[PDB]
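Heavy-atom basis, side chains included; hydrogens, waters and symmetry copies ignored. Quick note on labels: first sequence line is chain A, next is B, and so on, each numbered from 1.
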Amino acid sequence: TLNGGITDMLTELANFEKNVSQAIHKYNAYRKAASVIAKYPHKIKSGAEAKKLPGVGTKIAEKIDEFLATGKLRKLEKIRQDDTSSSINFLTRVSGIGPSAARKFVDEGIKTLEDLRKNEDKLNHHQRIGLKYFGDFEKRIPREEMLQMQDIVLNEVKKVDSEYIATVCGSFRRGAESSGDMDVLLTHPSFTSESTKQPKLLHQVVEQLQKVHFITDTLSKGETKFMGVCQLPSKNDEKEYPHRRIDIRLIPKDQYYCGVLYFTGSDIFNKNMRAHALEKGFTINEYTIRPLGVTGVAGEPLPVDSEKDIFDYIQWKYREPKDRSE
DNA sequence: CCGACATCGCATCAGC
DNA sequence: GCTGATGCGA
DNA sequence: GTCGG
Ligand SMILES: Nc1nc2c(ncn2[C@H]2C[C@H](O)[C@@H](COP(=O)(O)NP(=O)(O)OP(=O)(O)O)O2)c(=O)[nH]1
Ligand SMILES: [Mg+2]
Ligand SMILES: [Mg+2]
Ligand code: NA
Ligand code: NA
């Protein structure tokens, strides 16, 4: 945490621009800046030194100079005192309440947790579950709990069909000592890029997990992506575990390596890698890496036999999951 | 200077 | 109902 | 907000 003060500031500015200003590119700018500073192996002494890093320009160098000199940012201090910004920033912390809805709720006089709790009928389903578990979703998950959760998910999936493979990705796969949620990549040989020979592949799994009272709530659910809530079982006389966010993503079996690269992240690592791909003349998603033709239209999927193959195409040296925490 | 900034699944709405 | 845009989270 | 062309 060499430059924690600076990266915290930039993250709060990023959050401001996303939630309040609804300026997603500023949000991404601040996030890129914070990320590149987070991995810089020196205690930054000035905005000039920081400006050397890619993603840090003039405006952010100035803010860093102000922050180093005073320990504060006046811009952020005023934002913190703004009632409307404070209200919007708070509401967006509920899952399902984004910048537009947050501002709309404020317009209608709904701006506190207590307000939300007495206006449950003005929330959509996602938002109501997000409110329900507002407290729990703030808490992080120790890796030890992540390991118990893994063991339940993998074993219940096996019981449905032994040909399923479930892989825990996200921050867990990057070796994090704690995670914000659980991310599960799912494959089955019946679902490939060429065909789907069995329906309800994801549904079966979701249902098995509900059956054993592991999955407790659903935020959204389609053919390939589940987003919901789960909970570890507790023992006699002990306080229950917090409820946790869990996502399950079914990916075509033959596109596992693009899928696991994507779901391992980080989110900023993925954006940076896909950015780099574009400069090298490719586009990468969770399914494929494709060349960009003379037009700027994606060509046919390239052969991929490992995560490293994807790195190879764009002339990046391979990075292990633990080194992708950007 | 200025266009372009990764990419996509699900829920919801607007228009037909 | 279909299509396409928007919001949201990932 | 930043930066390559
Ligand atoms: N390409 C791309 N991938 C993303 C993005 N957001 C998430 N992913 C991919 C890569 C992410 O790693 C993965 C899961 O997203 P989380 O659970 O939101 N983040 P994580 O598990 O890393 O951290 P933690 O849960 O401890 O907070 O989905 C995105 O904006 N873009
Ligand atoms: Mg996660
Ligand atoms: Mg997640
Ligand atoms: Na820079
Ligand atoms: Na939210």
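- A distance-only check finds no donor-acceptor pair linking the side chain of A/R143 to the backbone of A/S179 [under 3.5 Å].
- The two residues A/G96 and A/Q127 have their closest heavy-atom pair at O-NE2, 3.0 Å.
- Taking atom CD1 of residue A/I246 and atom P of nucleotide C/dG9, one finds them 19 Å apart after rounding to whole Å.
- Residue A/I24 is classed as having no contact, given no heavy-atom separation below 4.0 Å to the nucleic acid.
- Applying the side chain to side chain donor-acceptor pair (under 3.5 Å) criterion to A/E156, with sequence neighbours excluded, gives A/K159, A/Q208.
- The neighbouring residues B/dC10 and B/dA11 form a stacked base step, their six-membered rings being less than 5.5 angstrom apart at the centres and less than 30 degrees apart in plane orientation.
- Aromatic ring centroids of A/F90 and A/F105 lie 6.0 Å or more apart.
- Judged as a side chain to side chain donor-acceptor pair (under 3.5 Å), and not counting sequence neighbours, the contacts of A/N155 are A/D151.
- Helical stems in DNA chain D, defined as runs of 3 or more consecutive Watson-Crick or G-U wobble pairs with both donor-acceptor distances under 3.5 Å, are not found.
- Under the salt bridge (charged side-chain N to carboxylate O under 4.0 Å, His left out) criterion, the residue pairs touching residues 10-31 of chain A are A/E12-A/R80, A/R31-A/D267, with sequence neighbours excluded.
- Remark: B/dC16 base-pairs with C/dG1; criterion is Watson-Crick or G-U wobble with both hydrogen-bond distances under 3.5 Å.
- Contact annotation for A/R31: no contact, since no heavy-atom pair falls under 4.0 Å across all strands.
- Other residues, nucleotides and ligands contribute over 12 non-hydrogen atoms within 6.0 Å of the NZ atom of A/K221.
- Contacts of residues 100-131 of chain A with DNA chain D (heavy atom under 4.0 Å): none.
- The two atoms that bring A/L116 and A/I97 nearest to each other are CD2-CD1, 4.1 Å, heavy atoms only.
- Residue pairs satisfying the salt bridge (charged side-chain N to carboxylate O under 4.0 Å, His left out) criterion with at least one member in residues 190-205 of chain A, sequence neighbours excluded, are absent.
- Heavy atoms from other residues, nucleotides or ligands lying under 6.0 Å from NZ of A/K63 number more than 12.
- With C1' as the reference atom, D/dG5 and B/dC5 are 15 Å apart, rounded to whole Å.
- Using a 4.0 Å heavy-atom distance criterion, A/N285 is classed as a sugar-phosphate-only contact.
- When heavy atoms are screened at a 4.0 angstrom cut-off, A/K32 is found touching no nucleic acid atom at all.
- At a threshold of 4.0 angstrom between heavy atoms, the contacts of A/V36 with the nucleic acid are absent.
- Backbone-only engagement by A/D247 is indicated by non-hydrogen atom pairs under 4.0 Å involving sugar-phosphate atoms exclusively.
- Scanning DNA chain B 5' to 3' for nucleotides with an atom closer than 4.0 angstrom to a non-hydrogen atom of chain A gives a first and last hit of B/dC5 to B/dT12.
- One P atom belongs to B/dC8, the other to D/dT2, and the distance between them is 28 Å to the nearest Å.
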Please list, for nucleotides 1-5 of chain C, all pairs of protein and nucleotide N/O atoms separated by less than 3.5 Å.
none

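- Between the A/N3 side chain and the A/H42 main chain, a donor and an acceptor come within less than 3.5 Å of each other.
- Residue pairs meeting the salt bridge (charged side-chain N to carboxylate O under 4.0 Å, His left out) criterion with at least one member in residues 225-234 of chain A, sequence neighbours excluded, do not occur.
- Note on ring orientation: taking the six-membered ring where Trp is involved, the planes of A/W316 and A/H276 are parallel (angle under 30°, cut-offs 30° and 60°).
- For residues 41-50 of chain A, there are no salt bridge (charged side-chain N to carboxylate O under 4.0 Å, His left out) pairs, not counting sequence neighbours.
- Atom-to-atom, NZ of A/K225 to P of C/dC8 comes out at 15 Å; the value is rounded to the nearest Å.
- In this structure a side-chain-to-backbone donor-acceptor pair under 3.5 Å is present from A/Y164 to A/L201.
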Please list each protein N or O that sits under 3.5 Å from an N or O in nucleotides 1-5 of chain D, with the distance.
from  : atom 1 : to    : atom 2 : distance (Å)
D/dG1 : OP1    : A/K59 : NZ     : 2.8
D/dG1 : OP2    : A/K59 : NZ     : 3.2
D/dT2 : OP1    : A/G57 : N      : 2.9
D/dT2 : OP1    : A/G57 : O      : 3.4
D/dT2 : OP1    : A/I60 : N      : 3.0
D/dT2 : OP2    : A/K59 : N      : 3.2
D/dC3 : OP1    : A/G55 : N      : 2.9

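- Among A/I314, A/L261, A/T283, A/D309, the one residue that satisfies the side-chain contact (heavy atoms from CB on, under 4.5 Å) test with A/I289 is A/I314.
- Toward the 5′ end of DNA chain B lies the nearest nucleotide of A/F282, the other residue of the pair A/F226 and A/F282 mapping further downstream.
- With sequence neighbours excluded, the residues satisfying salt bridge (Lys or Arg N to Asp or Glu O under 4.0 Å) with A/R319 are A/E326.
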